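K.L.:
After the structure tokens below, expect a handful of questions from me.
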Amino acid sequence: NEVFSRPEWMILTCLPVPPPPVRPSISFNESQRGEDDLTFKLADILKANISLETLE
Amino acid sequence: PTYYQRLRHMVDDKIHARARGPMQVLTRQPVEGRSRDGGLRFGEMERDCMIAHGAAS
DNA sequence: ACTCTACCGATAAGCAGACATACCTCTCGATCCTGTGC
RNA sequence: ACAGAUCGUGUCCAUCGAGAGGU
């Protein structure tokens, strides 16, 4: 559909990030800031993007 | 006379009741477990049973 | 008349994908570091 | 000019696996 889903939109050029409610922080016994796997994956993606930009 | 044995299952360790108790974090749905004041789960089978009953409200 | 080889249809046979009743109860462990620094 | 000690209410310790269970 030319309005809602164009064929060229299947290629990722701007990846949105979920809000903190989607990936909350796990308090866990004793004061440690355990984080969700989604946050770690987003950080990994950001690091890869920064490395690619610097390398280019 | 007949030999009888007492099992580990007692009614004191199985009775549970919840009314607006502790709250979760991610799903914002009632917690699970008698020890942490959990709530019973309204499963899918109960959903289709209620649907067949016609009780939409 | 069917040789010299092309696309039509019609199968065989191997390559992976999805998933297995429902309810709750309890206990028990693990959630990093070694090469490298002056 | 003005320019505070806490007080008062306070939210929980989570996740992932493994095992034993009972209708």
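Please treat every number below as a calculation from the coordinates, not as lab data. Backbone-built Cβ (ideal geometry, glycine too); neighbour counts: all protein chains shown.
K.L.:
Scan chain B and report its longest stretch carrying no trypsin sites (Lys or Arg not before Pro) that are both in a DSSP loop and have at most 11 other Cβ atoms within 10 Å. Don't skip to the end; give the middle numbers.
P.N.:
Working: sites that count: B:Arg6, B:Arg8, B:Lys14, B:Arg20, B:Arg28, B:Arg36, B:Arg41.
Maximal segment without exposed cleavage sites: B:42-57.
K.L.:
Tilt of helix B:44-53 relative to the longest C-alpha principal axis of chain B, in degrees (0 to 90, nearest 10)?
P.N.:
In chain B, helix B:44-53 runs at an angle near 70 degrees to the longest axis.
K.L.:
Rounding to the nearest 10 and keeping the result within 0 to 90°, find how far the Cα-based axis of helix A:37-55 lies from the longest principal axis of chain A.
P.N.:
60
K.L.:
Using the Karplus equation 6.51 cos²θ - 1.76 cosθ + 1.60 (θ = phi - 60°), what ³J(HN,Hα) coupling, rounded to whole Hz, does each residue of segment A:12-17 give in order, writing x for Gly and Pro?
P.N.:
7, 10, 8, 8, x, 10
K.L.:
Only loop residues by DSSP count here, and only those with at most 16 other Cβ atoms within 10 Å; note down the chymotrypsin sites (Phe, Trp or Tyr not before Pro) in chain A that meet that. Working shown, then result.
P.N.:
Working: sites: A:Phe4, A:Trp9, A:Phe28, A:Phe40; in loops: A:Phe4, A:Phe28.
Answer by residue number: A:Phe4, A:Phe28.
K.L.:
One quarter of the convex hull surface, Cα atoms only: what value does that give for the protein assembly as shown in nm²? Let's see the in-between values first.
P.N.:
Details: hull surface 74.1 nm².
Projected area, direction-averaged: 18.5 nm².
K.L.:
Quick check: convex hull of the Cα atoms in chain A, volume per residue, rounded to a whole Å³? Numbers along the way, then the final one.
P.N.:
Values: hull volume 6.4 nm³, N = 56.
In chain A, the Cα convex hull volume per residue is 115 Å³.
K.L.:
Determine the distance separating the Cα centre of segment B:8-57 from the Cα centre of chain A; give it in Å without decimals.
P.N.:
Here the two parts' Cα centres lie 34 Å apart.
K.L.:
I've got another one for you. Whole-Hz ³J(HN,Hα) for each residue in segment A:26-31, computed from phi via Karplus 6.51 cos²θ - 1.76 cosθ + 1.60 with θ = phi - 60°, x for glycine and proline: what do you get?
P.N.:
8, 5, 6, 4, 6, 6
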